[PDB]
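Undergrad: Below are the structure tokens for one structure; questions will follow.
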Amino acid sequence: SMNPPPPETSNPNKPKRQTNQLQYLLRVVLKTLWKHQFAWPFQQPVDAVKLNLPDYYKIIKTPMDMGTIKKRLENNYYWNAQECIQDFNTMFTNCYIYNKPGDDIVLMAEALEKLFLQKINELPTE
Ligand SMILES: COc1ccc2c(c1)N(CCCNC(=O)c1cccc3c1N[C@H](C)CC(=O)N3)CCC2
């Protein structure tokens, strides 16, 4: 099977804005996670072809990744911070559904999630 197209990062029919929390998600939260040693697997859509995961898009119908989230923030794709946080949460939940708990990838996601949740606790007032 071919990869699916990636998630949309722009939509000319979706209203756009910047908020204080969206700027914090891009400038602080995403920056902290992106520089982590464990970030690489999560910096772009899951390439199920290159990574030999032929059932990945059979099991995961709501793919999400940090590269898409970055692009969405830079493109002012989100209206609400919660949309952005939901994408991060989807990304971690996919990892927990698809892989065995002991898998290296899951240990890596658990660490990144922990750092995510700490940084979201520091979100400024809307
Ligand atoms: C990122 O691009 C590349 C390109 C080339 C190479 C690598 C990575 N790597 C690093 C490989 C990173 N492995 C994965 O991602 C991965 C592998 C198996 C299963 C999952 C995996 N993780 C995703 C989140 C999907 C997921 O749930 N489970 C090395 C070989 C060369």
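Undergrad: Under a Cβ-only charge scheme (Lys and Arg +1, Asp and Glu -1), can you give me the dipole magnitude of the range 19-123 about the Cα centre, in debye to the nearest 20? Don't skip to the end; give the middle numbers.
TA: Numbers: 12 positive and 11 negative charges, 45 e Å.
The dipole magnitude comes to about 220 debye.
Undergrad: What's the exposure ranking of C95, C84, going from fewest to most Cβ atoms within 10 Å?
TA: Working: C95 21, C84 24.
The fewest-first ordering by Cβ neighbours comes to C95, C84.
Undergrad: Within the chain, what's the longest stretch lacking trypsin sites (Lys or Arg not before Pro) that sit in DSSP loops with no more than 14 other Cβ atoms inside 10 Å?
TA: On the way: sites that count: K16, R17, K35, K50, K61.
The longest such stretch corresponds to 62-126.
Undergrad: Here is a further query. Report, in listed order, any pair from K58/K100; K16/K50; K16/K61; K71/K119 with a Cα-Cα distance greater than 22 Å.
TA: Working: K58/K100 16 Å; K16/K50 34 Å; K16/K61 26 Å; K71/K119 20 Å.
Going by Cα-Cα distance, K16/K50; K16/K61 fall outside the 22 Å limit.
Undergrad: Find the centroid of the Cα atoms in the range 112-126 and in the range 38-66, then give the distance between the two in whole Å.
TA: 24
Undergrad: Using only the alpha carbons of the range 18-78, what is the convex hull's orientation-averaged projected area in square nanometres?
TA: Details: hull surface 19.1 nm².
Its Cα hull, projected and averaged over all orientations, spans 4.8 nm².
Undergrad: Rounded, prolate or oblate: which fits the chain, taking a ≥ b ≥ c as square roots of the Cα gyration tensor eigenvalues, rounded meaning a/c under 1.5, else prolate when a/b beats b/c? Walk me through the numbers on the way to the answer.
TA: Working: a/c = 2.25, a/b = 1.33, b/c = 1.70.
It is oblate, given that a/c is not under 1.5 and a/b is not larger than b/c.
Undergrad: Something else now. So if each residue of separation counts as 0.36 nm, and I subtract the Cα-Cα distance between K31 and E8, what length gain in nm does that give? Please list the in-between numbers first.
TA: On the way: separation 23, 0.36 × 23 = 8.28 nm, distance 2.09 nm.
Residue separation times 0.36 nm, minus the Cα-Cα distance, leaves 6.2 nm.
Undergrad: In deg cm²/dmol and to the nearest 500, what is the mean residue ellipticity at 222 nm of the chain if only DSSP H runs of at least 4 residues count, each as -39500 (n - 2.57), divided by the residue total? Mind dumping the intermediate values first?
TA: Numbers: 6 runs with 57 residues, N = 126.
Computed ellipticity for the chain at 222 nm equals -13000 deg cm²/dmol.
Undergrad: Angle between the Cα long axis of helix 104-120 and the longest principal axis of the chain, 0 to 90 degrees, nearest 10?
TA: 10
Undergrad: So the label point goes 7 Å from the Cα of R17 along Cα→C-beta, right? Which residues of the range 81-97 then have their backbone N under 12 Å from it?
TA: So the set is 81.
Undergrad: Moving on to the next point. Any chance you could run the full-extension gain for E74 through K114? It's 0.36 nm times the residue separation minus the Cα-Cα distance, nm to one decimal. Let's see the in-between values first.
TA: Values: separation 40, 0.36 × 40 = 14.40 nm, distance 2.39 nm.
Taking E74 through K114 to full extension adds about 12.0 nm, to one decimal.
None of the figures in this text is laboratory data; all of them are computed from the coordinates on show. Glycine gets a Cβ as well: all are built from the backbone with ideal geometry, and neighbour counts include every protein chain shown.
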